[PDB]
Amino acid sequence: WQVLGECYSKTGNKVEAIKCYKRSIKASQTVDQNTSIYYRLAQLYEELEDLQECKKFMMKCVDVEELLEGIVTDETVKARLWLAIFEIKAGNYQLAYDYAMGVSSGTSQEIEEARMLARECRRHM
Amino acid sequence: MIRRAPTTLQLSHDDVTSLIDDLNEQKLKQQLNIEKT
Amino acid sequence: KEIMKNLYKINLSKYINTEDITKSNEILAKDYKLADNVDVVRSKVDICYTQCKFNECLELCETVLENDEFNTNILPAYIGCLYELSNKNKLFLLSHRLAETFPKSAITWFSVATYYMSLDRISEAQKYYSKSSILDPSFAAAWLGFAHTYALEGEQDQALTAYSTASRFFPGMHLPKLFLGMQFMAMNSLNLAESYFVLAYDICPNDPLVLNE
């Protein structure tokens, strides 16, 4: 099912690819394996320009990191950075500050992006 | 543990410049008063 | 149990209920001839270390170190109280003996790093604190010294994450939080530093560093 979603995504059929990934999620036996699908599924919603809808899937992909005793994987690093950026636009600086600190153990560009975001929200905190 | 060296306050340039300007106008105050007197 | 309870009581943390630890020290010293015990002496050294009675560390742990120079429990306090006294010869001798005694212990490399940073050679202190931190992850002294080397090197952007990670790894320890707040002073964000000086002061009502900061 996941491969079908990639084929639909690469052929410009985003409307169909959403239902394809959703079917794949149910078939997965363990919640851990849904980390990769959640982040990609959220990007397609951003391509469909409904930012409110993609928030719910963004919550789940970040929350699997907590359920896995801090897995700290790559595809959740981009999740926290994107989630923190939107939260700045929402005006909730306190709710965005903890996201930057939790992702302070990623790649070289990942840490600096959250570090500068941390300083910005800290000043307005 | 290793104690961190406590931070030390520094005499800035701006405040000392402010004081020297204030002193300059202070001495300029009575120089005209002396001429007046 | 009459001695076992006091003996277990000796080893708890020293920041709170300090007077009771002292009464227990005299209780052990009397009626049980345990004044010569190394554990009572170590607890005394830690008492002196907390209130920053550094000369008392030097005298007491020099008295006991002559009898035993490789008591791994006692050495970190001696390294700290030596660094505070800022003497390099004794620390050099001890560190160089320990390097050839326990090459695979983190304590000796931590001592070497303290020596170099007493000599203000920060570049080598970087590597010789990294080695000690790698050798023992649960050696908060190494983490704090590493962040200190970063702060003293000249750059602070990384030392910021250094004190952040040190605080995150060791919850319930006030000193890394205090050092993080001091770096926040160094970078001129006081809003946050108010909160960490408050949480640090919650547990340390009387010590020069908190009040000065």
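Residues numbered from 1 in each chain as written, not as in the entry; some residues may be left out. Chains lettered and ligands numbered in written order. Part of a larger assembly, values for the part shown. Heavy atoms only, no water. Residues with missing side-chain atoms left out of burial classes, pairs and counts.

Here we look at the side chain of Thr35(A)
Residues and elements named next belong to chain A.
- In this fold, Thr35 is placed in helix α3 (residues 35–48).
- A distance of 2.4 Å separates a polar atom in the side chain of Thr35 from a polar atom in the side chain of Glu75.
- With residues up to four places along the chain from it excluded, the contact list for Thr35 reads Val64, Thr73, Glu75 and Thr76. (Helix = DSSP H or I, 4+ residues; strand = E, 2+ residues; numbered from the N terminus. Polar contact = N/O pair within 3.5 Å; in protein donor to acceptor, adjacent residues only side chain to side chain. Contact = heavy atoms within 4.5 Å.)

Some points on the interface of chain B and chain C
- The partner chain C presents 24 residues to the seven residues of chain B that form the contact.
- Contact with chain C buries area across many residues of chain B, yet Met1(B), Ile2(B) and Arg4(B) alone supply 66% of it, more than any other trio.
- One can count zero salt bridges joining chain B with chain C.
- Scanning the region where chain B abuts chain C turns up three residue pairs in polar contact.
- When the residues that make up the side of chain B that touches chain C are grouped by side-chain class, the tally is four nonpolar, one polar and two charged. (Buried area = accessible area lost by both parts, 1.4 Å probe. Salt bridge = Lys/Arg side-chain N within 4 Å of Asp/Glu carboxyl O. Nonpolar A, V, L, I, M, F, W, Y, C, P; charged D, E, K, R; others polar.)

Brief notes about the state of the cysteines
- Per the counting criterion, the structure on display carries one disulfide over all chains.
- Each sulfur of the disulfide joining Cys57(C) and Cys81(C) lies 1.9 Å from the other. On the criterion of sequence distance, the pair formed by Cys57(C) in helix α4 (residues 54–67) and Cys81(C) in helix α5 (residues 75–85) is long-range, its members being 24 residues apart. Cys81(C) carries the same exposure label as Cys57(C), and that label is buried.
- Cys121(A) takes part in no disulfide bond, and the closest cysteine sulfur, belonging to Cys61(A), lies 19 Å away.
- Free of any disulfide, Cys61(C) has its nearest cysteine sulfur in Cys57(C), 8.0 Å distant. (Disulfide = S-S within 2.5 Å. Buried < 20%, exposed > 50% of the residue type's maximum accessible area, 1.4 Å probe, protein only.)

What about the environment of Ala142(C)?
All names here are of chain C.
- With respect to the helices and strands, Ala142 occurs in helix α9 (residues 140–153).
- Judged by relative accessible area, which is 1%, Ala142 ranks as buried.
- When the C-alpha positions of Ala142 and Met182 are compared, they lie 18 Å apart, and in sequence the two are 40 residues distant.
- When neighbours within four sequence positions are excluded, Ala142 is seen to be in contact with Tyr129, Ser132 and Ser133.

Let's talk about the packing of aromatic side chains
All names here are of chain C.
- Scanning the model with the defined rule gives 16 aromatic pairs over all chains in all.
- Ring geometry for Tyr115 versus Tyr116: centroids 5.5 Å apart, planes at 40°, classification tilted.
- Overall, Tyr115 belongs to the buried group, its relative accessible area being 15%.
- Among the aromatic residues, those joined into a ring-pair cluster are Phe92, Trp109, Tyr115, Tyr116 and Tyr128.
- Its guanidinium or amino end placed over the ring of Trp109, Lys131 lies 5.5 Å from that ring's centre, counting from NZ or CZ. (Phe/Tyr/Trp six-rings, centres within 6.5 Å; stacked < 30°, edge-to-face > 60°. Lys NZ or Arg CZ within 6 Å of the ring centre and 35° of its normal.)

A look at the nonpolar core
- Counting 58 residues, the largest nonpolar core has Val45(C), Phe110(C), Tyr129(C) and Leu178(C) as its most contacted members.
- Not counting residues within four places of it along the chain, the set of residues in contact with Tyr129(C) comprises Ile2(B), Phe110(C), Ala113(C), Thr114(C), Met117(C), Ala142(C), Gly145(C), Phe146(C) and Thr149(C). (Core = buried A, V, L, I, M, F, W, Y, C linked by side-chain atoms within 4.5 Å.)

Considerations on the pattern of salt bridges
- On inspection of all chains with the given rule, the structure shows 10 salt bridges over all chains.
- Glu87(A) is paired through a salt bridge with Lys55(A); the nearest N and O atoms lie 3.8 Å apart. One end of the pair, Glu87(A), is in helix α5 (residues 74–89); the other, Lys55(A), is in helix α4 (residues 51–67), with 32 residues separating them in the sequence. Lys55(A) shares its class with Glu87(A); the two are buried.
- Bridged by salt links that share partners, the residues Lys9(C), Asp20(C) and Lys23(C) form one connected network.

Side note on the packing of helix α2 (residues 18–29) of chain C against helix α3 (residues 38–50) of chain C
Residues and elements named next belong to chain C.
- The contact between α2 and α3 brings their axes to 11 Å, and the two run at 150°. In terms of axis orientation, α2 runs roughly antiparallel to α3. Handedness of the crossing formed by α2 with α3: left-handed. Within the contact between the two elements, α2 uses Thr18, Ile21, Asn25 and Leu28 and α3 uses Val40, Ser43 and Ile47. (Axes fitted to C-alpha atoms, helices over the stretch in contact; angles between N-to-C directions. Parallel < 35°, antiparallel > 145°, perpendicular 65-115°, else oblique. Left-handed = near helix turned anticlockwise from the far one by under 90°.)

Details of the arrangement of the chains
- No other pair of the two pairs of chains in contact has as many contacts as chains B and C.
- Chain A makes no contact with chain B; the smallest distance between any of their C-alpha atoms is 22 Å.

Functional significance is not addressed by these values, which are geometric in nature.
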